[PDB]
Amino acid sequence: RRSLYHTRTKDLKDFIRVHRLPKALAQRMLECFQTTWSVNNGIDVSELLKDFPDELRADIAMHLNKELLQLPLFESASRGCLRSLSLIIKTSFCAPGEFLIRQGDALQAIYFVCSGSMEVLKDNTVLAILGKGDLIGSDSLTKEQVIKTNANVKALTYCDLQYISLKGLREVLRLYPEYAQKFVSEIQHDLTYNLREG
């Protein structure tokens, strides 16, 4: 459950087993996997509760209290909107040295640090240190336009992150135009660091 890195690893190992791939190929695959890994590139986009009835969805959301959604950024969101966001927030642990985002990659979500610390590196230059309560992403998220990240973000210590994929977020925001306008013009505010290259 807890770490995308380990979950995706099991998936890759599963894949390898059922196609009965030789050890040498497997080894090359596993090697390349860890080498290129970033949380941002392997996020969980499944939406398990999508088709549950509203009552069941309401009852589930009532038992959640996601830290991401406690930011001032969400103060003006309606109940329906927060409930829908809460149901698509995912989590992952990050180990020290693990890449959250690799520079120049398309941003896949906005990320929230529950615990731990991360560094933002342009090249090998530390632009920033992030910790508890920080929000990582970009300022022009509502557009369908792809977003290239302007730096690397790596876990310094063990980290716990929450996130919402940009596609999940845009879809909810459209359902709630009024709050969308406030989200847009306040994201730049609470955004601890902006990955938008440009």
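Residue positions are given as counts along the sequence shown, with the first one as 1.
- Of the two segments, 39-47 and 56-64, the one listed with the higher mean B-factor is 39-47 (C-alpha atoms only).
- On average the C-alpha atoms of 135-143 have higher B-factors than those of the other stretch, with 163-171 and 135-143 being the two compared.
- Across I89, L73, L82, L121, the greatest Cα temperature factor reported in the deposited entry is at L121.
- In the deposited entry, the Cα temperature factor of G116 places it in the lowest third of its chain's modelled residues.
- In the PDB entry, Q108 places in the middle third of its chain by CA B-factor.
- The entry lists a Cα temperature factor for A95 that places it in the middle third of the chain's modelled residues.
- In this PDB entry, the Cα temperature factor of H6 sits in the bottom third of its chain's modelled residues, the lowest group.
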